[PDB]
Amino acid sequence: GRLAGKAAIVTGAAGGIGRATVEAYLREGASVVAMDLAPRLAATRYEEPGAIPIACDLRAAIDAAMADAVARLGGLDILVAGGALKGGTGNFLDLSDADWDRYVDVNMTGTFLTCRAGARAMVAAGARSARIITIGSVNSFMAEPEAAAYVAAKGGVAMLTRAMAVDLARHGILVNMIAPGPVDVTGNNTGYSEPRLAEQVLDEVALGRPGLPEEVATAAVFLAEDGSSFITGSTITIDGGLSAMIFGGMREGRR
Amino acid sequence: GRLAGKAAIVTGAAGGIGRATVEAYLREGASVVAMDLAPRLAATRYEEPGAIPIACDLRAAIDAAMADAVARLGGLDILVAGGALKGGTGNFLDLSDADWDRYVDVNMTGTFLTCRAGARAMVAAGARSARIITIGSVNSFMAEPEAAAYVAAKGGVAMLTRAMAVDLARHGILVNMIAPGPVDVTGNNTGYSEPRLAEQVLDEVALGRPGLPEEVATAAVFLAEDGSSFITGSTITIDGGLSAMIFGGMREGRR
Amino acid sequence: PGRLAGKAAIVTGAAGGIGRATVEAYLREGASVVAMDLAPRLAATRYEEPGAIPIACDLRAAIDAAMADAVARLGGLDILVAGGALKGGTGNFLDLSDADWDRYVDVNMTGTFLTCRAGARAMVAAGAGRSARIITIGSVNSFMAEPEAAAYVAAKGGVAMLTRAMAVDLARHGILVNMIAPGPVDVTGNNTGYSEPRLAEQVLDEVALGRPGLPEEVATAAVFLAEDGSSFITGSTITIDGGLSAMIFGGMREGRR
Amino acid sequence: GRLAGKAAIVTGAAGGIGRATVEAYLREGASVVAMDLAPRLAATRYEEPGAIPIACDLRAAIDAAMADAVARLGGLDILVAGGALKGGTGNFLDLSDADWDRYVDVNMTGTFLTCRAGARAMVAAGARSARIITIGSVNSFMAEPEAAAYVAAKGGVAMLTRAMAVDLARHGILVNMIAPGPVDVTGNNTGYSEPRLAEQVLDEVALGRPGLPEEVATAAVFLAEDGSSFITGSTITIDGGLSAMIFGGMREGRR
Ligand SMILES: OC[C@H]1O[C@H](O)[C@@H](O)[C@@H](O)[C@@H]1O
Ligand SMILES: OC[C@H]1O[C@H](O)[C@@H](O)[C@@H](O)[C@@H]1O
């Protein structure tokens with residue numbers, strides 16, 4: 001197994017990409033803590049056995065859950081910070097303080113708090129480099145409409161990732177971001193089925209479809225394995241060509 | 001004058017780039033509110049006359065100052081959001097919750113609150129497009145060492161800028177970021193004079209020196225004037241070639 | 001006084017939309033301007049502003065001759081705008097011929113290289129460094145690909161990186177180098193660019209401002225990058241695309257869906 | 001094996017990264033054609049057995065070699081376009097037509113001719129998606145001094161890659177670039193040993209060293225395997241943090 005004997009924590013582990021990451025990590029031989037909200041963990045089944053469920057809430061709760069997790073693993077080699085709120089609010093003109101605060105607090109500050117706690121535990125455990133992997137978005141670089149808080153926080157996560165890579169290189173830790181495009185988490189191909197939205201996926205994604213969580217999780221394996229030892233401060237974009245293309249609606253097969 | 005008769009608010013107006021922006025705006029014919037901390041405004045002189053000083057503190061204070069400012073101008077055509085904390089903390093491993101919160105609250109949330117208030121006033125005043133200009137940094141794209149909170153917040157400002165451009169285009173407002181590199185604000189050539197730091201500026205900046213605030217303010221004029229009517233969601237980088245170059249220390253004249 | 005008062009400028013592709021608008025803006029801001037393009041195209045252009053010095057050229061011996069000719073007539077060289085460019089699509093990459101590849105790479109990339117090297121050499125001979133200024137015209141296609149135009153797209157990437165490389169090497173010689181990256185620009189003069197129905201719909205979806213730009217909206221950046229106040233700007237790109245490169249899923253936005 | 005039963009062509013296969021790619025591909029179960037100059041192939045030994053040597057010269061020679069290669073494999077699933085001239089010339093002012101032409105012809109046009117031939121053979125063979133992997137550089141995005149031709153051609157390769165991704169998505173082919181930073185190909189740690197250069201590697205690369213060819217080859221495996229099915233038009237950067245960091249010489253441990 002490519003991750004044989006490594007200790008990993010995956011946050012947002014009841015969500016689409018987080019769940020798929022837990023499963024891929026278990027198949028590749030890692031010992032894995034799956035962290036998410038207690039009720040969400042309660043309602044998840046993993047396709048692979050061995051996951052250690054640990055409830056958490058994206059500051060005291062994060063430190064508690066992380067200490068708990070590291071205690072149970074006896075170390076920490078890989079952290080995947082996948083806890084995240086994804087959603088739009090409306091136009092910027094009408095964006096409330098409460099929606100701004102929730103996205104910034106949960107996506108940005110939550111990622112900061114998890115990663116600091118994890119980096120500290122990796123150094124305490126003797127960090128072969130340890131690995132921190134952040135889940136950003138194509139929205140870390142280009143903005144969707146009517147989601148300014150989510151978008152801003154994703155830019156914050158992208159730069160937080162680069163800053164961490166710079167500061168933790170001396171401590172034996174590599175840090176990188178995965179930037180997914182549209183991903184269908186429903187499990188029954190009903191994500192992106194609204195007609196206007198489906199048309200726009202066909203126009204804007206060169207592969208003409210949303211991704212599956214498993215197509216994202218594979219990058220999480222790649223960035224955690226021993227062979228990725230010169231990769232840090234970088235982004236792996238997994239978006240079917242979305243960020244590579246302009247005027248995709250004009251292409252042969254679409255127009 | 002290129003800005004003749006336009007109403008402008010400049011935040012961070014007692015700081016280097018903000019002060020230089022107030023002056024350039026006044027010379028190009030604008031009516032200008034200069035906003036900053038009361039004690040800092042108290043201790044500033046502008047080289048050009050006509051600035052309307054309005055004290056503020058980077059939420060209730062921002063809304064009060066902005067209403068006050070728009071009342072005094074009788075409209076709002078241009079906002080420059082330059083209020084910002086610039087500084088490093090230490091290594092990411094040791095970054096406290098308090099330093100994280102201060103940079104994120106002041107640089108990111110402060111910019112959000114100022115821009116929402118300003119966009120709302122521009123629409124109420126009948127937004128030729130109105131203009132919002134944000135002051136980010138090269139640190140919005142690449143990380144300096146030991147400044148993870150500042151760096152993260154600058155990434156958040158960059159993406160906030162793009163999200164605003166997308167959402168406010170329908171409301172007649174263009175939104176862009178200025179990304180300065182090293183800028184000497186001291187006024188007496190003593191910024192970047194520490195020997196190791198001076199050597200690194202020579203290596204990393206193709207022009208081999210820090211910029212002056214006035215070399216940044218000129219972009220703020222350009223992005224506010226009528227001719228810039230197709231420019232939105234973009235960044236103007238003003239860094240002497242810093243972000244364009246790698247292994248600059250190996251170039252002819254340096255090695 | 002005029003923001004460019006008393007500066008000598010060469011504008012290539014000067015009979016084309018953006019080049020023509022650049023000549024005009026430069027003349028209005030007080031520059032002495034050589035307009036370079038193909039002889040027959042210069043023959044068929046009128047400038048809205050007087051004072052342009054026409055010099056025929058063909059985007060290697062032709063370029064060196066025209067550039068020496070141009071510098072001779074201006075008595076110096078302070079600003080070069082390299083706007084000569086072929087813009088067009090070919091078809092799918094699978095079917096792209098050697099001849100179309102060679103034409104776009106030779107004209108857009110090698111032509112820009114040859115013009116800029118000759119210009120930089122003349123700026124140094126004339127005593128650059130106030131810095132001399134080289135401005136290249138790239139495209140949003142320097143960074144993101146349109147369909148069925150792989151040769152044009154590749155060459156635009158080459159121009160973007162040539163620009164950065166020139167900025168690094170010519171900083172010591174007193175020359176600043178930057179790129180302008182336009183999105184869709186209507187050069188027709190009668191609002192018929194981007195009128196094809198499917199294309200019009202896609203401009204509404206992908207450009208936040210919901211329309212193509214005008215050449216004059218690009219030329220303004222050429223003034224900005226050539227003036228004395230832009231003295232710390234080099235190796236950078238000014239993007240002028242109505243929010244095209246900033247936005248994804250623009251067709252879903254309020255007012256469009 | 002992650003590439004079990006796939007047919008691959010690797011160009012520049014006697015060079016550092018190309019050699020390491022051939023070896024990784026053979027270990028992961030692929031049938032591999034190694035293409036390079038005849039004399040260079042003559043003087044290479046692969047650490048893994050099974051490589052099919054095919055001499056070529058980076059237009060008629062490329063078409064001949066490619067047809068030859070596809071004939072011997074009985075198909076084509078993966079192309080790695082690694083043939084490339086790497087070198088600096090001097091200052092831009094003094095760059096000759098001959099050096100410009102050589103870098104543009106070999107790096108850019110050579111990559112174009114190889115990839116068109118390969119894409120055509122992949123479609124003829126019934127392209128699970130086929131995979132084209134280009135080897136660019138950090139110089140595809142940021143310029144090193146005194147190498148303008150090399151740099152320009154690397155920017156051309158980057159955009160050629162994105163254009164191919166857009167056009168070939170409908171034909172079942174995913175296209176991505178690997179962007180290495182400094183890589184020691186010498187085999188005896190003498191790459192980057194010149195004192196001034198060694199000091200600049202320490203400053204500019206967060207990991208503080210050059211990479212090894214094997215640290216690049218691992219990305220070529222990742223981008224060729226079935227699980228990477230939603231990745232196209234993207235770049236994997238493998239540079240020890242070089243492109244992520246500014247003022248790296250000022251970091252703790254360096255200053
Ligand atoms: O289809 C992808 C494409 O969407 C757009 O039109 C652009 O804004 C790009 O940012 C992106 O690459
Ligand atoms: O020139 C300084 C240099 O710092 C680095 O090595 C890179 O990240 C570049 O972006 C930058 O230009």
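Any value given below was found using the heavy atoms of this structure, including those in side chains, with hydrogens, waters and symmetry copies removed. Start at 1 and go down the list; that is how both ligands and their atoms are numbered. Letters A, B, ... mirror the listed sequences (proteins, then strands); counts begin at 1.
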Within a distance under 4.0 Å of any heavy atom of C:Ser245, pick out the atoms of ligand 1 and give their elements. 10 (O)
For a quick test of reading the model, state the closest non-hydrogen atom pair linking C:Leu170 to C:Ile134 and the distance between them. CD1-CD1, 4.0 Å
Exam field: side chain B:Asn176 to backbone B:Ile231, donor-acceptor pair closer than 3.5 Å: yes
Under 4.0 Å from one or more heavy atoms of B:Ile246, ligand 2 contributes atoms 6 (O), 7 (C), 9 (C)
Taking atom 4 (O) of ligand 1 as the point of reference, which of C:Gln202, A:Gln200, A:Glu204 owns the nearest heavy atom? A:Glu204
Ignoring hydrogens, just give me the one of A:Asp203, A:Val138, A:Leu242, C:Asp205 whose non-hydrogen atom is nearest atom 2 (C) of ligand 1. A:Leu242
Could you tell me whether D:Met142 approaches ligand 2 through its side chain, its backbone, both or neither, with non-hydrogen atoms closer than 4.0 Å? side chain
Using only heavy-atom distances, determine whether the side chains of A:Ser243 and A:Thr237 contain a donor-acceptor pair under 3.5 Å. no
Of all the atoms in ligand 2, which lie at a distance below 4.0 Å from a heavy atom belonging to D:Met245? 4 (O), 5 (C), 7 (C), 8 (O)
Tell me if a side-chain donor or acceptor on C:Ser131 pairs with a main-chain N or O of C:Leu176 at a distance below 3.5 Å. no
Evaluate salt bridge (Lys or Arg N to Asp or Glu O under 4.0 Å) for A:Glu252 paired with D:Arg170, printing each intermediate quantity in order. CA-CA 8 Å; A:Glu252 281 170 349; D:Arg170 68 168 302 187; 3.5 Å; yes
